[PDB]
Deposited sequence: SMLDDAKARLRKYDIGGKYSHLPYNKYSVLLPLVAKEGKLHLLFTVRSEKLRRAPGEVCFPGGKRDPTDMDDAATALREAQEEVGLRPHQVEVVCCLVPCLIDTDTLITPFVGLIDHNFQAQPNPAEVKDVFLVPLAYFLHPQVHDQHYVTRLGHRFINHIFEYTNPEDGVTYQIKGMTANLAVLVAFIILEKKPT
């Protein structure tokens, strides 16, 4: 099946907890996969314009580890629950992808999660301005704009709204698209 095939592909790239104890400032992100209309999608958030860091930017759910978290996956799930109302029974964490080093002292660990079909996001408006889906296949043939660094523009066909996806968020989306969609019979 589509979902069993996606999980089997993802597991081959799992690094597990290999980098998880290193003494960094630690953040986790959840890369949330949603199956709709017979295709996989990624779920994105738009950060509230009120936030001090990166207001209005497209990002994955997640945030800073706190002492309550049993592990880095727990960080991602706790923060996703706060931000978009995703409950832990609604997400299956499949793997841990390559961590992202930034600022010399920070390590961001991405987890891919399969999201229940009955989940409906409840954006916390103090943190999240918007939530939207992009088909995973978009990231194989994105609409690229050069600002010199590459920005993706995705237009939702439901309403005509265009979102800019860039940086680490764009890079991780492409990675997941490659892992899941490369080398597949039609």
query: Stretches with no C-alpha atoms in the model, relative to the deposited sequence starting at 1; finding: 148-157
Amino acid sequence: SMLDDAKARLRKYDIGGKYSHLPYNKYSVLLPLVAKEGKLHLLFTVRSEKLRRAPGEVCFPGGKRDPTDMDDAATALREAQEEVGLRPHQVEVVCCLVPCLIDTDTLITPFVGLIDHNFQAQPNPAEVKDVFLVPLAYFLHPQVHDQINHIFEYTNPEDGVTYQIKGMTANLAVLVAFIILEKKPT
From here on, numbers count along this sequence of modelled residues.
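Heads up, when I say rigid core I mean the largest set of C-alphas that superpose within 1.5 Å between the two forms.
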| query | finding |
| --- | --- |
| Between stretches 65-73 and 49-57, more displaced by Cα RMS in 7 other deposited structures of this protein (rigid core superposition) | 49-57 |
| Stretch with the greater mean C-alpha B-factor as recorded in the entry, comparing 116-124 against 64-72 | 116-124 |
| Segment of higher mean CA temperature factor, 33-41 or 46-54 | 46-54 |
| Identity of residue with top Cα B-factor, from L136, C59, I151, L133 | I151 |
| Chain-wide C-alpha B factor ranking for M2, given as lowest, middle or highest third | highest |
| Third of the chain, ranked by Cα B-factor, where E92 sits | middle |
| Lowest, middle or highest third - CA B-factor, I165 | middle |
| For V98, the third of its chain into which the C-alpha B factor falls | highest |
| Assigned third (lowest, middle, highest) for the C-alpha B factor of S28 | lowest |
